[PDB]
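In the block that follows, a single chain appears as structure tokens, in the form deposited in one PDB entry.
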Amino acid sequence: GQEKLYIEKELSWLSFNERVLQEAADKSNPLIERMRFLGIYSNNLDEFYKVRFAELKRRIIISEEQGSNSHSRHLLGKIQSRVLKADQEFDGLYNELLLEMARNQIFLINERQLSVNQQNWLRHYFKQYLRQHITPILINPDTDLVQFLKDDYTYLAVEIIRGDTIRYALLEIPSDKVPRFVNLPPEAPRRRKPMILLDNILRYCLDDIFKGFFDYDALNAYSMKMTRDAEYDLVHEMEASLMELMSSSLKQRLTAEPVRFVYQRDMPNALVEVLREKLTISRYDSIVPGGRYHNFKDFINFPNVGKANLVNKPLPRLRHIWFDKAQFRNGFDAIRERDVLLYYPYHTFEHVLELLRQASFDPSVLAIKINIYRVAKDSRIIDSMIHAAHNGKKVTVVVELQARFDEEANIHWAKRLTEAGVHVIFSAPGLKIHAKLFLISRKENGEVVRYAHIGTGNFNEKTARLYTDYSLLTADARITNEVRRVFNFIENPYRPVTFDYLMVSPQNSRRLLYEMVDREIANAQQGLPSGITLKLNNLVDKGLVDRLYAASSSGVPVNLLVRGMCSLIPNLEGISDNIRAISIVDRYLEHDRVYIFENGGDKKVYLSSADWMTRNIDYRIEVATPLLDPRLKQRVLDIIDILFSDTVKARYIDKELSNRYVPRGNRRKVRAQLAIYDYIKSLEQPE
């Protein structure tokens, strides 16, 4: 490299979480929301290590085996670099936010700031409510924390000192059975709202915990947390020519998931060594010193002690009034009349759940097929699908038990399904089914009419309230038939197949996209209006970035709204002069995906479940649908228009990863998500 043509996805990912941090620092956001963003940021980083980092550790491992020509370390250095720098800023924001809460009458204090009154209250509050959950785990020579030590739990490693004697015990912070934030009794004025972290309650009560059975001069506590790399799965979804000739010293070296362990900085070396030996911290395991408190991701649920000002005002999920028209007797009548497009969370996910429920008992419904990637806990969907089975409908449920986190859950989401009579199909070993689909076939006076749902986000009830996603509900046969083929394709991928409307990975994708970029390229070179506008969560695929580069260089206007990782570098003289790249991080996690191609003037609009990452094009089943109803197409365009006109949360993507905000010229101050909500609200007003 001499002038980086692409950006490392990992670094770009860090730039993204950094954008999340910006929300915690954005004074325009409600105080407690900012505090909660510290939680999202942390949680994101945790996920980052468990997965993306772990994935990288293995990519370099595979590489080095026979020898790697890439500068792996130069990456890890940057990563570790940017991470520490952000960590510095995190503390700055944290302390800054603590102070601002103090000005708001909210005081988060520790055991060293207790009133000689609140201490008494805590000691009492501790016996009555916490002691029962706190049981000292004595670390002896034959004790092996290794096994029974909970993952990602924070432990207070205590140092029992008696003369020159030192014993060690562990205290599990029971964040599962008790609020991580206890409210203390206001010392003097009633102006107060003092709270304390559960960890610090234990620090203050250490004596009360051990005096009962131990003799000692002093008791010292040091926090610690253990983590484990994610099960090697995402890395074998790429080994083609590598794993067809892979060595057996690379299989035991690639599957060996290491263990991480962070501990409070002051932890005396002796203890750190004790813990090391107990946790078999080998060469590829990591020990990292990092502060008093861990699991900052609990702040995601930081309580709002003060007034409503400290929290965002709810944006009530709207009903798509169309479904409630008296003329329609049920979901189907509404969908058969006109295609329906819902944009969450602006809209309720309620409509889809209703339809599936209706589908489970409508006597005229013959079959239901549906994709389950990551569903909510005890999905109402799983429920309906089982009810449907009981009612005799033929129910097929494709389950991606090989998801990312909500995976072990989609395995039990099977014993009952099959037991009820649901024909289940599973994801082939290293090929995920990420498409968000479901197909309902019902009899309408003799004929079999199909209704299909193609979405950008999964069938997850909570998610549907934090993530922006589109849901297409249609009865249009051009699309309905193809969605039927996707399911048959999934059941029998041996039989050749072709799609004329739908983009289907890994059958259609690349060819179909290259084809569309190339078409804009041709038009531009012929002086015809052109353009490529993409709304994705990640843009990393080599062949596609190069294609977009080719488009810019060819005179094609490329507009990108990527919220996550973007390896494409915009504005490189003579390479991406015509590419404008922005990212929007706000209250709702932007998750929907759209592809817009000028197409000489007859705009093509696709909603997709696939980001522009190699895995989404060649190693997974994904689905993008064009929008055939010009009314919906326009609706999406309006929404896109709003997004690209954002001048409050929009950030530019540049090679410096600066995360500079988009300056608003003399153009309207616009906040996409809010304006979009107005727009959708605007559509749901009484006919």
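Sequential numbering from 1, following the sequence displayed. If you superpose the two forms and keep the largest set of C-alpha atoms that fall within 1.5 Å, you have the rigid core.
Once the C-alpha B-factors are averaged per stretch, 186-194 and 274-282 rank with 186-194 first. Taking only CA atoms, the mean B-factor in the PDB entry is higher for 140-148 than for the other of 527-535 and 140-148.
The residue among 60, 45, 35, 621 whose C-alpha atom has the highest B-factor in the PDB entry is 60. Across 178, 502, 454, 221, the greatest Cα temperature factor reported in the deposited entry is at 178.
The entry lists a Cα temperature factor for residue 569 that places it in the middle third of the chain's modelled residues.
Among all modelled residues in its chain, residue 644 ranks in the lowest third by Cα B-factor. Residue 343: CA B factor in the lowest third of modelled residues in this chain (values from the PDB entry). Sorting the modelled residues of the chain by their CA temperature factor places residue 607 in the lowest third. The deposited CA B-factor of residue 92 belongs to the middle third of values across its chain.
Note that the form deposited in another entry isn't included here; everything after this is about it.
Just a single entry of 488, 143, 614, 247 exceeds or equals a 2 Å CA shift between the shown form and the other one, which is 247 (rigid core superposed). A movement of the C-alpha atom of residue 235 reaching 2 angstroms or beyond is seen between the shown form and the other one when the two forms are aligned on their rigid core. The Cα position of residue 550 differs by less than 2 Å between the shown form and the other one after fitting on the rigid core. A displacement of 2 angstroms or greater separates the C-alpha positions of residue 420 between the shown form and the other one, with the rigid core held in common.
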